[PDB]
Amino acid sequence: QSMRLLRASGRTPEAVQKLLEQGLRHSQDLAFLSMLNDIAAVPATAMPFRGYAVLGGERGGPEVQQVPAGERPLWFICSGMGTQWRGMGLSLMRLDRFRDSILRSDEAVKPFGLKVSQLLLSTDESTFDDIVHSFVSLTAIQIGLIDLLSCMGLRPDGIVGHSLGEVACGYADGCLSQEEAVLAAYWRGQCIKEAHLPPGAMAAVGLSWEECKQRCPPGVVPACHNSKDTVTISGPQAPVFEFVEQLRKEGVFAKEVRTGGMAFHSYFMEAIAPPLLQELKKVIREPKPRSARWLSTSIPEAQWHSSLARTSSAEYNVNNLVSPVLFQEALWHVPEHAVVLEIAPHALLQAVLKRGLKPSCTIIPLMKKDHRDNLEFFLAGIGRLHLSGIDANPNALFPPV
């Protein structure tokens, strides 16, 4: 239970180490650690060294570091599909704001006969093989994460989504409510499940976008633009498996990706638009406008001045499903010293993000697939916010003293 994050500030590295140690020696005094956390909110100007330690737990050990002058912008990246795993979010369930958010999500899905929390609890290995189970639970876990962030008063300067991640983005941007956001994830999944489409596949491929366009066999299209030389292509299964073989053989990095036989973000999805648009029309009534913080990955830049782009409509959401994921192009806009948080039940984009951004950007993941303890991992990440100059007091995550 008692595991807490202790953040420290000071004029020297030693000033910070001494603090981290006093807290370690009073690990069980919550009122004490609460007080030490309130203190750490001191500008780098005044105290240029910062540190953190996760008290309790295995990979507990201090990080200390000089904090740069300059203001650093905070960006949220909401990851897309593939990030599911059995036992997702069970460790974070210990934080009340998280489990409150997940129960609130269960309520959105009481009809339809699903409880997100029970999906998470399932010891059934194949529970997230179901597209609805996954979609809903990704987005619910993303909302939880966003709630934990907001509960420490962290407002994003920028927001960016990847496929289904763009649902979570709406929540983070204040376009879509929790209930709308979750239901959008539900219908997206349920519409597909019902559709019984032909067998498709997607593959990660070490070509550029234009090079894929040229080189891709008919019926196979570049789908997910993740970096200058990482495109996920999508199409009917056979050609996608054949194209990857061709590529492997010629020395190109070309990993297959499990998407449950589905050829996402391609023409294969157009059969799913009419039903989905009908359902989401009833869900997202009175569509609220997307802020300028939220860069679209479903709509090209040169048409951001657009009615479709103007709001997080049922229309915008259907467009996401059917259109390619223009992720690299959105990252291009992320400024030089950004602090970037991957908001996902598993930080799958970390590698892509490193490549698509620079040794100035700090990239922080929040959960890891099959981690012994994702509360430890989450808190270490929040600790790194301190180290990079962001004021995020963990006292909010925990019961008061």
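Sequential numbering from 1, following the sequence displayed.
The PDB entry reports B-factors from which the mean C-alpha value can be compared for 355-363 and 342-350; the larger average falls on 355-363. Taking the PDB entry as given, 306-314 carries the higher mean Cα B factor of the two stretches 306-314 and 160-168. Between the residues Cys216, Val325, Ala263, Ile272, it is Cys216 that shows the highest Cα B-factor in the PDB record. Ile39 sits in the highest third of its chain by CA B factor, as recorded in the PDB entry. Among all modelled residues in its chain, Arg25 ranks in the highest third by Cα B-factor. Per the deposited record, the Cα B-factor of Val401 falls in the highest third when ranked against the other modelled residues of its chain. Placement of the Cα temperature factor of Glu279 within the chain: middle third of the modelled residues, per the deposited record. When the CA B factors of the chain's modelled residues are split into thirds, the value for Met3 lands in the highest one.
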